[PDB]
Amino acid sequence: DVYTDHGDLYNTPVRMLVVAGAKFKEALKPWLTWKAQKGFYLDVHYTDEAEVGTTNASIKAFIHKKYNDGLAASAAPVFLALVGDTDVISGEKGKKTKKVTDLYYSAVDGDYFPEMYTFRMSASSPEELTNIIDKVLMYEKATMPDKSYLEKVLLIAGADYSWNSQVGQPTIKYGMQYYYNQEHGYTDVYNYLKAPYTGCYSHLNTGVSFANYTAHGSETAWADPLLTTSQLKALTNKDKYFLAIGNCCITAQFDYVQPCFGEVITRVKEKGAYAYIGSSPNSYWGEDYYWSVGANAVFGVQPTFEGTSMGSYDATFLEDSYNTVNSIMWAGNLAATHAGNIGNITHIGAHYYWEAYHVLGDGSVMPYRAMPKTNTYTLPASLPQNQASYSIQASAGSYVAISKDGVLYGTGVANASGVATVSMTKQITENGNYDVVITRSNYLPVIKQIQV
Ligand SMILES: *CC(=O)[C@@H](N)CCCCN
Ligand SMILES: [Ca+2]
Ligand SMILES: [Ca+2]
Ligand code: NA
Ligand code: NA
Ligand code: NA
Ligand code: NI
């Protein structure tokens, strides 16, 4: 089925292809430095490079060739980061959606399944790009002064006379029954299933790790309960950045005449989101229901975990896979595809969904699930020069990275016994202070330095 054939794309060593507008070279530096420090092998290119070009066709040909060349060397990019708005990386009109899509940058071979996890850091200025980066770095380096906002979520089944009872409430109730609850570490699960919605967006300010809205949308708003781009600019969640998902129409229509809701929620300074998942064209009630809960869900009936396939919520909470922002959207699209394949009621089709949904902001973030755990590690007093690998003790599954000045020298994943073989692609030949970073899904990062 679609789950066996097109599972989670995340793989190690992490490799990322970055295609960016030339005006963003300087602003990108801190984000690229941190991604290298945490173990990403980066291949960074700008549209002022003739090999890349500035057109939809040239950029796409460039990305497809980088993917195929990478694959040929068993070094395929895992992520594709598009940096800029449509004035620098246009996207193209969806064959099914008739609206802008980034799908065809990521879809290299003949089907509609992406080869890479693609996200767009959409900004109209270097300042707006830095706003996104600063939120991402605080979240991923876990430098926020109050981590307790991570134990809280906001879930809204918005207004619709026919579908709030049929799909909105069953979706949110499924999320709360199995995952967004005290058993999973969540202390505050703000949820609005029906009117009155009074005060539902105050929680965005007081602090949430995650905000999910399912109902009507517009290019610049969650329609009812209303949250406009003007209200997003007035948010006050300093040091409390979240992932937001709009399972609604057109909030991620990023070629719109005005910055769309997804663009504003990620671009706003020291408030809003570090990432947004939403749809460029209309989304449909049927497919959105499967997207969140899984296929085999029935309208107007609260779905069970055993009675449905894997949806976006289910994937999010698997401990060992689907641990990135992009993988949450990937799992949702898989469930909407599976529902069509097995003959559930569908309203639009799988191809349309793969063209529709987008990540705005940083899709490579690994979101925490309530309070992240403290990792266990042992770092040596020093690192001897000219070694093919180092053995570093860390909890099983931890990703260890050694770097200096934003240049990644080596990576390794801790084995079952808690030992990582850090394979050095660049051997340490000069004395100095080298960065050691240890990450693991739903664990606080370990950020240290070792002398050589
Ligand atoms: C966007 C909207 O008004 C509806 N046409 C679709 C909403 C689907 C919500 N999950
Ligand atoms: Ca493909
Ligand atoms: Ca735009
Ligand atoms: Na509680
Ligand atoms: Na499910
Ligand atoms: Na997961
Ligand atoms: Ni707590």
Side-chain angles (χ1 to χ4, degrees), residues 6-25 27-29 31-92 94 100-123 129 133 254 324-327 329-330 354-355 358-365 401 403 406-411 423 425-426:
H6 302 289
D8 179 13
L9 287 184
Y10 181 83
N11 192 11
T12 62
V14 183
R15 300 181 198 277
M16 181 163 74
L17 176 56
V18 182
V19 174
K23 293 175 188 180
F24 300 114
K25 300 176 168 156
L28 271 173
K29 291 186 74 156
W31 186 79
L32 296 171
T33 294
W34 164 244
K35 297 300 188 180
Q37 286 171 338
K38 77 198 302 288
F40 288 38
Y41 285 99
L42 304 159
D43 189 12
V44 184
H45 293 283
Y46 298 93
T47 63
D48 61 351
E49 290 167 39
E51 301 77 4
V52 179
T54 61
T55 69
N56 181 58
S58 70
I59 291 162
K60 192 201 313 193
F62 175 79
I63 292 171
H64 291 193
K65 184 193 157 52
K66 278 288 185 171
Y67 178 79
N68 291 145
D69 287 349
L71 181 62
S74 295
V78 171
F79 294 100
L80 170 62
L82 306 176
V83 184
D85 208 333
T86 57
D87 61 333
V88 293
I89 304 164
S90 63
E92 69 184 74
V100 71
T101 187
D102 282 339
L103 180 64
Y104 296 107
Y105 294 127
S106 70
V108 185
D109 56 22
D111 61 25
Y112 53 67
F113 296 95
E115 265 56 77
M116 295 164 286
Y117 278 158
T118 301
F119 59 88
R120 179 186 283 260
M121 305 276 275
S122 179
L129 180 62
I133 290 167
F254 57 86
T324 62
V325 169
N326 267 100
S327 74
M329 183 179 77
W330 187 274
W354 287 99
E355 290 185 338
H358 284 82
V359 173
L360 288 164
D362 188 350
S364 73
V365 169
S403 66
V407 174
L408 178 60
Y409 283 57
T411 69
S423 62
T425 53
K426 193 182 196 276

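Side-chain atoms are counted along with the backbone in the values below, which use heavy atoms only and exclude waters and symmetry mates. Residue numbers start at 1 and run along the sequence shown.
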> Could you tell me the separation between the OG atom of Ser90 and the CG atom of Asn56, rounded to the nearest 0.5 Å?
4.0 Å
> In Å, rounded to the nearest 0.5 Å, how long is the span from NZ of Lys35 to OG of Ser364?
3.0 Å
> Measuring from atom CG of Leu17 to atom CG of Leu82, what distance do you get when rounded to the nearest 0.5 angstrom?
8.5 Å
> CG of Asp43 to CG of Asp69: how many Å apart, nearest 0.5 Å?
10.0 Å
> Side chains of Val52 and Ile59: closer than 4.5 Å at any heavy-atom pair?
yes
> Is any side-chain heavy atom of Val108 less than 4.5 Å from a side-chain heavy atom of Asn68?
yes
> I'd like to know whether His358 forms a side chain to side chain contact (heavy atoms under 4.5 Å, CB included) with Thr101, so could you lay out the CA-CA distance, the side-chain angles of the two residues, the decisive distance to 0.1 Å, and finally the verdict.
CA-CA 8 Å; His358 284 82; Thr101 187; 3.6 Å; yes
> Would you call the rings of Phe113 and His6 parallel, tilted or perpendicular, where under 30° means parallel and over 60° means perpendicular?
parallel
> List the atom of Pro77, the atom of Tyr67, and the distance in Å for their closest heavy-atom pair.
CD-CD1, 3.8 Å
> Please report the closest heavy-atom contact between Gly410 and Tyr41, naming both atoms and the distance.
CA-OH, 3.7 Å
> Got a donor-acceptor contact below 3.5 angstrom from the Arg120 side chain to the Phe254 backbone?
no
> Of the non-hydrogen atoms in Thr33 and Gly406, which two are nearest, and what is the gap between them?
CG2-CA, 4.0 Å
> Measuring from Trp34:CH2 to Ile133:CD1, what's the distance to the nearest 0.5 Å?
14.0 Å
> Decide yes or no for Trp330 and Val359: does some side-chain heavy atom of the first lie under 4.5 Å from some side-chain heavy atom of the second?
no
> Could you tell me whether the side chain of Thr47 and the main chain of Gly53 form a donor-acceptor pair under 3.5 Å?
no
> Where is the tightest heavy-atom contact between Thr411 and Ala401, given as atom of each residue plus distance?
CG2-CB, 4.3 Å
> Would you say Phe40 and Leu408 make side-chain contact, with heavy atoms under 4.5 Å?
no
> Going through the distances and angles, do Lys25 and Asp48 end up as a side chain to side chain contact (heavy atoms under 4.5 Å, CB included)?
CA-CA 11 Å; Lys25 300 176 168 156; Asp48 61 351; 2.8 Å; yes
> Please give me the minimum heavy-atom distance between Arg15 and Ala75, naming the atom from each residue.
CD-O, 3.4 Å
> Rounded to the nearest 0.5 Å, how far does OG1 of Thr324 lie from CG of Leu9?
8.5 Å
> Mind checking whether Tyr105 and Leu80 have side chains closer than 4.5 Å, heavy atoms only?
yes
> Answer yes or no: is there a side-chain heavy-atom contact under 4.5 Å between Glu115 and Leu71?
no
> So, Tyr10 side chain and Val78 main chain: donor-acceptor pair closer than 3.5 Å or not?
no
> Under a 4.5 Å cut-off applied to non-hydrogen side-chain atoms, are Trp31 and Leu129 in contact?
no
> Would you call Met121 and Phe24 a side-chain contact if the rule is heavy atoms closer than 4.5 Å?
no
> Closest approach of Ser403 and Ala36, non-hydrogen atoms and distance?
CB-O, 4.5 Å
> Classify the ring geometry of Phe62 against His45: parallel below 30°, tilted from 30° to 60°, perpendicular beyond 60°.
perpendicular
> Please name the residue in the list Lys60, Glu355, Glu92 that meets the side-chain hydrogen bond (donor to acceptor under 3.5 Å, both in side chains) test with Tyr104.
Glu355
> If you apply the rule side chain to side chain contact (heavy atoms under 4.5 Å, CB included), what do you find for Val88 with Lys23, and how did you get there?
CA-CA 10 Å; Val88 293; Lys23 293 175 188 180; over 6 Å; no
> Checking the side chain of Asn326 only, and the main-chain atoms of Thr118 only, is there a donor and an acceptor separated by less than 3.5 Å?
yes
